[PDB]
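We did not get these values from a lab; they are worked out from the coordinates using the rules stated. Every residue, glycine among them, receives a Cβ derived from its backbone with ideal geometry; neighbour counts consider all protein chains shown.
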There are 2 protein chains.
Amino acid sequence: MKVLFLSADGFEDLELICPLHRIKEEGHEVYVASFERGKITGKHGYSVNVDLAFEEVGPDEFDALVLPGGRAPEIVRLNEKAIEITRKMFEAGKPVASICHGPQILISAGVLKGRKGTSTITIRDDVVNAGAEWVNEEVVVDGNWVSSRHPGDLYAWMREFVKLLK
Amino acid sequence: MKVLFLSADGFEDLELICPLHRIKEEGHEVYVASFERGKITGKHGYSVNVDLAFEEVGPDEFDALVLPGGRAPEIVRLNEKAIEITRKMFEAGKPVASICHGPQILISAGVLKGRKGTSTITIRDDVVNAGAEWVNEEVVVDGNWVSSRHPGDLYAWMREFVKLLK
């Protein structure tokens, strides 16, 4: 599969980089999209190469989607193409993994009504106002949506998400 | 398996944390050992809890060993118990994974003569002086010793190491 990651400066470093490696380890291809090609820098200073700008990504081009956290989702959610990609992939049933603030992008995509998941508790009320049930668990699997809260959940997040990537 | 990680302050954050989560994802138990219980802080500022002091670890207690990099190997290698643990486990044929500066601990354990592996190139000459053949590869498998160089190698390093945990 081809797995797309949406991020930007201020990403939570472990939440982007550890899944990039975990998913490539399985033999999938991984791609990072952001506002522009170049590099993006995480909260803790690691640099990651951006393969594609959002405008270059087709809403049907990739097979699965990963939404890391940090401060990046708060700006990614403003890009209309990023949220269009997210909406189309989520509504099509493609595997979508989110952690921490990642669901801000799903909120802006308008896809959470009647869904169930988790996030950092600091945006619980926003997830609930987007129409989802929020629960406090290390990982939630709601159909195609696999969600976790914070970096300490990474092992459980990827344990469940990699099952959807087969 | 119970998998032991030896580290200390100044560890390369991704080289400790991503494998901790990868191995826990498999359902294995993971343990971080260092000079003392408490927290250790990486070069990039992530904090990891130390489960055991080196003195609490039996040289035969764990099933596999991980030696992350950063500045931590340079101090771990001074601790007699850490070196004794590493020597016993490595000589017993138990899976040992190293990355970056990790092999400084193996050098000090006296176990590298006639072995083959990689590391950060900045310690190639010391690996050679310890009696090993040094090669520049994203991952090397020499019997029980799985070695890599830098964080960019994580996916390949773990792909090969997890095979030995099966």
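Give me the extension gain from A:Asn136 to A:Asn49: residue separation times 0.36 nm, minus the current Cα-Cα distance, reported in nm with one decimal.
Working: separation 87, 0.36 × 87 = 31.32 nm, distance 3.26 nm.
Contour length minus the Cα-Cα distance gives 28.1 nm.
In terms of modelled amide H atoms, which long-range or inter-chain residues lie less than 5 Å from the amide H of B:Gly69?
Correct list: B:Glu12, B:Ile99, B:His101, B:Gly102.
Using just the helices of the protein assembly as shown, give the 222 nm mean residue ellipticity in deg cm²/dmol: DSSP H runs with n ≥ 4 each add -39,500 (n - 2.57), and the total is spread over all residues, rounded to 500. Don't skip to the end; give the middle numbers.
Numbers: 12 runs with 110 residues, N = 332.
After summing the helix terms and dividing by residue count, I get -9500 deg cm²/dmol.
Treat each spin label as a single point 7 Å out from the Cα along the C-beta direction, and report the B:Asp125 to B:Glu91 distance in nm.
Between B:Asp125 and B:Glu91, the simple spin-label model gives 3.0 nm.
Kirkwood Rh over Cα pairs of region B:50-113 into Stokes-Einstein at 4 °C, 1.567 mPa s: D in µm²/s?
Values: Rh = 11.6 Å.
Answer, rounded: 112 µm²/s.
For a quick check: with amide H placed at 1.01 Å from N, whose amide H comes under 5 Å from A:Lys116's, ignoring anything fewer than 5 positions away on the same chain?
A:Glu133
Put +1 on the Cβ of every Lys and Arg and -1 on every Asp and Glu Cβ in chain B; which of B:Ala130, B:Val30, B:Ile40 then has its Cα farthest towards the positive end of the dipole?
B:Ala130
Give me the compactness ratio for the protein assembly as shown, meaning the Cα radius of gyration over 2.2 N^0.38 Å. Don't jump to the answer; show the numbers that get you there.
On the way: Rg = 20.5 Å, N = 332, 2.2 N^0.38 = 20.0 Å.
For the protein assembly as shown, the normalised Cα radius of gyration comes out at 1.03.
Give me the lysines in straight-line cross-link reach of B:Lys88: C-alpha distance below 17 Å, same-chain residues under 8 apart excluded.
B:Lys2, B:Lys113
With +1 on each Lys and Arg Cβ and -1 on each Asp and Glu Cβ, how big is the dipole of the protein assembly as shown about its Cα centre, in debye rounded to the nearest 20? All intermediate terms of the calculation are to be shown ahead of the outcome.
On the way: 40 positive and 52 negative charges, 52 e Å.
The dipole magnitude comes to about 240 debye.
Using 1/(1 + (r/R0)^6) with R0 = 22 angstrom and r between the beta carbons of B:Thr41 and A:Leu78, what's the FRET efficiency to the nearest 0.05?
0.05
What value in Å³ per residue do you get for the convex hull of the alpha-carbon atoms in chain A? Each step should come with its number before you reach the end.
Working: hull volume 15.1 nm³, N = 166.
Enclosed volume per residue, from the Cα hull, is 91 Å³.
When the chain is fully extended, how far beyond the present Cα-Cα distance does B:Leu165 get from B:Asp60, taking 0.36 nm per residue of separation?
Values: separation 105, 0.36 × 105 = 37.80 nm, distance 1.64 nm.
So the chain would gain 36.2 nm between B:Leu165 and B:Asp60.
Once you sort the root eigenvalues of the Cα gyration tensor of region B:14-54 as a ≥ b ≥ c, which label holds: rounded (a/c under 1.5), prolate (a/b larger than b/c) or oblate (the other case)?
Working: a/c = 2.82, a/b = 1.25, b/c = 2.26.
Oblate, since a/c reaches 1.5 and b/c is not below a/b.
When you look at the Cβ of every residue in B:26-34, what mean number of other chain Cβ atoms sits within 10 Å?
Values: counts 2, 2, 1, 0, 1, 0, 0, 0, 0.
That average works out to 1.
Check the protein assembly as shown for me: any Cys whose beta-carbon has no other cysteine beta-carbon within less than 4.7 Å?
A:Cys100, B:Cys100
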